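Please read the structure below before turning to the comments.
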Ligand SMILES: *C/C=C(C)/C=C/C=C(C)/C=C/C1=C(C)CCCC1(C)C
């Protein structure tokens, strides 16, 4: 389904370290974040998304409209400027972050009671799986 609405609690986090290292996230920061359990809160109304990612130490917020390019400055992460665009490929939601890093972005999809997130940067792929709360 395309309906990604809900509160989603992480059950699996594969290769978050590699993704973070490919982004050039500082070594000391990665040590904290690498095995933190995350919660994703997604509010989806038509093409409009509000997404909040929360953990014990880190909170993130991003709002976007599907099909509308937008500049991002990822200063709380790797501190870079990218041009972000989120679109649908079938029922897979695809974000491309155009900039210095190749293959940078993510794919997100629902399969059952679970939300899957694939974060990509360079040659690295992180896969996270969440269950709806
Ligand atoms: C729709 C799914 C989205 C927008 C996923 C967002 C995930 C993040 C913004 C994760 C950010 C972080 C890192 C990449 C490194 C560790 C610190 C975090 C959790 C803020």
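Numbering (the numbering used here), first residue to last: 1297 to 1429.
Ideal placement from N, C-alpha and C gives every residue a C-beta, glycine not left out.
In the displayed model, residue 1298 falls within coil according to three-state DSSP, outside both helix and strand. In the displayed model, residue 1397 falls within coil according to three-state DSSP, outside both helix and strand. Take the alpha-carbon of residue 1424 and the one of residue 1414: they are about 6 Å apart. Secondary structure remark: continuous beta strand (DSSP E) runs of at least 3 residues inside the segment 1334-1403, in chain order: 1335-1341, 1344-1350, 1355-1361, 1366-1369, 1377-1385 and 1388-1394. Remark: the shortest separation between the CB of residue 1329 and any heavy atom of ligand 1 falls under 6 Å. Around the CB of residue 1333, fewer than 16 other CB atoms lie within 10 Å, so the residue is classed as exposed. Residue burial is scored here from C-beta neighbours: residue 1374 has at least 16 other C-beta atoms within 10 angstroms and is therefore classed as buried.
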